[PDB]
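1. sequence unknown, structure follows:
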Ligand SMILES: COCCOC[C@@H](C)OC[C@H](C)N
Ligand SMILES: [Cl-]
Ligand SMILES: [Cl-]
């Protein structure tokens, strides 16, 4: 009797995927969840995670490759590997050369989730919902404060978005960009931000408790769908803003010390079945990386340009770079200062 341990993002599988795999294979699954790349990386670098499969973003897989925390995937144990789109594989390979360590899972963008009606009530019918101005212009956040503003608790995402908005390289390697203009803007915004959190914003958007959030696309579409299902009269939408946004792939990987590799390959091959991953996309409102699955994904998901954006929008997307340790120090210190920003001092 074997037991497979999986560590995935919250809100990132269909409700019946694991039970269906358990029923089919007889394998018992222990499924645990996270909402932060930094939490997962800390576990991978601190000791044994005890997990057989983990799901980093691709730039987090990249940065940990030479640490040897992952073992290469034996493709002979993944006969359904050919269902993955081979062009998407080439893009993922920028982070994982020759696709040796990672199985692409889902792809999306980091944009703005918002309450359509409350934004228009507060900012007017002309509210700049197609722009990062909605959430990064202080004059707008000051007005939105009471209806509730959330930022992701993701320093890399937040600084890269701010840098881009300020007309800098979103992956700037210049320390002064972080300590100066990016920090200046974030401190100006900070009094109007209710919280930094990377998962509470889904239900808060759905229930009308947060009016604007920096959010991951399919999480915001899940909020929208939860409100629709609740018949609660809340209208949530998502914007990939006109100034561009971050795009990313999340990938399954196998820790080098995984106990139950055979069961792990069984689960990956299960996810490679087109019906399995299409059903996941239908529930989580994210694009998968499986070419064979695409015709099976629901029309509502496939036809949503905030899930499958067209070429003119894709042209404005950027990807995360791994920063050197001096930028990492500057950025992380600045993030701690920003998040503590409301506190009173006596110096
Ligand atoms: C099936 O995933 C949606 C397609 O993803 C779009 C991004 C990842 O690719 C860019 C290239 C140009 N197509
Ligand atoms: Cl990524
Ligand atoms: Cl359909």
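-> Received it, and whenever you're ready, just let me know what you need. Residues are numbered from 1 along each chain as shown. Ligands and ions are numbered 1, 2, ... in the order given.
2. Can you tell me the element the nearest residue to residue 69 once chain neighbours are set aside falls in?
-> Spatial nearest neighbour of residue 69, excluding adjacent residues (CB to CB, 6 or more residues apart in numbering): residue 44 at 4.7 Å. (Each C-beta comes from the backbone N, C-alpha and C, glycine too.) Element membership for residue 44, per DSSP states H and E: helix 37-46.
3. is ligand 2 contacted by that helix?
-> No. Helix 37-46 does not reach ligand 2 (CB under 5 Å from the ion); its nearest approach is 8.8 Å.
4. what comes up buried for that helix?
-> Buried residues in helix 37-46, counted by 16 or more other CB atoms under 10 Å: 37, 40-41, 43-44.
5. likewise stretch 279-298?
-> Applying 16+ other CB under 10 Å to stretch 279-298 flags 279-294, 296-297 as buried.
6. can you tell me which of these are in strands?
-> Judged by DSSP state E, these include 287-288 as members of strands.
7. from the buried residues of stretch 279-298, which are also near ligand 2?
-> Okay, of those, nothing touches ligand 2 (CB under 5 Å from the ion).
8. residue contacts, the spatially most central residue of the chain?
-> In the chain, the residue lying closest to the centroid (CA atoms, centre = their mean) is residue 216, at 5.0 Å. Residue 216 sits next to 108-110, 152, 198 when contact means CB atoms under 8 Å, 6 or more residues apart in numbering.
9. swap the cut-off to 6 Å and go again
-> 108, 110 (CB atoms under 6 Å, 6 or more residues apart in numbering).
10. Please, where are all the strands along this structure?
-> Going by DSSP E, the chain shows strands at 3-9, 28-34, 53-54, 103-115, 149-151, 195-196, 212-216, 236-239, 245-252, 287-288, 317-318.
11. helices or strands up against the fifth one?
-> What that stands for is strand 149-151. Applying 3 or more CB pairs under 6 Å, 6 or more residues apart in numbering; DSSP states H and E, we find strand 149-151 packed against strand 212-216.
12. Can you point out the buried residues in the strand it packs on?
-> Using 16+ other CB under 10 Å as the test for burial, strand 212-216 gives 212-216.
13. count of neighbours near the residue in the stretch 1-150 of the chain that ligand 3 sits nearest to?
-> The stretch 1-150 of the chain approaches ligand 3 most closely through residue 14 (15.2 Å), counting by CB to the ion. Neighbourhood size, residue 14 [other CB atoms under 10 Å]: 17.
14. That one and residue 280 touch, don't they?
-> Yes. Between residue 14 and residue 280 there is a contact at 4.8 Å, judged by CB atoms under 6 Å.
15. hang on, the earlier thing: partner residues bridging the residue nearest to the centre of the chain?
-> Taking DSSP bridges, one obtains residue 110 as the residues bridged to residue 216.
16. Cross-check the contact I'm expecting between residue 135 and residue 211.
-> No. Applying CB under 6 Å, one finds residue 135 not in contact with residue 211, separated by 10.0 Å.
17. residues near the residue nearest to residue 264 when sequence neighbours are not counted, how many?
-> Take residue 264 and drop its neighbours on the chain: the residue closest to it by CB to CB, 6+ apart is residue 52, 4.3 Å away. Neighbour count for residue 52, taken as other CB under 10 Å: 25.
18. Check the gap between residue 69 and ligand 2 for me.
-> In this view, residue 69 and ligand 2 are 17 Å apart by CB to the ion, to the nearest Å.
19. so that residue sits right up against residue 46, yeah?
-> No. Using CB under 6 Å as the test, residue 69 is too far from residue 46 to be in contact (10.4 Å).
20. Which residue is it, in the stretch 101-250 of the chain, that comes closest to ligand 1?
-> residue 107 (4.9 Å; CB to the nearest ligand atom).
21. and that residue, what does it touch?
-> Residue 107 neighbours (CB under 6 Å, 6+ apart): 249, 287.
22. Tell me how far residue 9 lies from residue 133.
-> 29 Å (CB to CB, to the nearest Å).
23. These two - which one has more neighbours?
-> residue 9 (24 against 17).
24. Enumerate the residues of the stretch 201-347 of the chain near ligand 1.
-> Within reach of ligand 1 by CB under 6 Å from any ligand atom, the stretch 201-347 of the chain has these residues: 287, 308, 314.
25. Quickly note the distance from the residue of the stretch 101-250 of the chain closest to ligand 1 to residue 128.
-> For residue 107, the distance to residue 128 - CB to CB - is 26 Å.
26. sorry, back to before: my guess is the residue nearest to residue 264 contacts residue 262, does it?
-> No. At 9.7 Å, residue 52 does not count as touching residue 262 under the criterion of CB under 6 Å.
27. got the residues of the stretch 1-150 of the chain near ligand 1?
-> So the stretch 1-150 of the chain meets ligand 1 at 88, 107 (CB under 6 Å from any ligand atom).
28. And the helices in the stretch 1-150 of the chain?
-> For the stretch 1-150 of the chain, applying DSSP state H, counting those that start in this stretch gives helices covering 17-25, 37-46, 58-65, 86-92, 116-123, 133-136, 138-144.
29. among the ones you listed, which is nearest residue 237?
-> Closest to residue 237 of the helices of the stretch 1-150 of the chain, according to CB to CB: helix 116-123, at 5.3 Å.
30. who does the closest residue to ligand 1 within the chain bridge with?
-> Using CB to the nearest ligand atom, the closest approach of the chain to ligand 1 is made by residue 287 at 4.3 Å. On the basis of DSSP bridges, residue 287 is bridged to residue 107.
31. and the closest residue to residue 273 other than its chain neighbours, how far is that from residue 320?
-> Nearest residue to residue 273 in three dimensions, chain neighbours excluded: residue 80, at 6.0 Å (CB to CB, 6+ apart). From residue 80 across to residue 320, the span is 29 Å (CB to CB).
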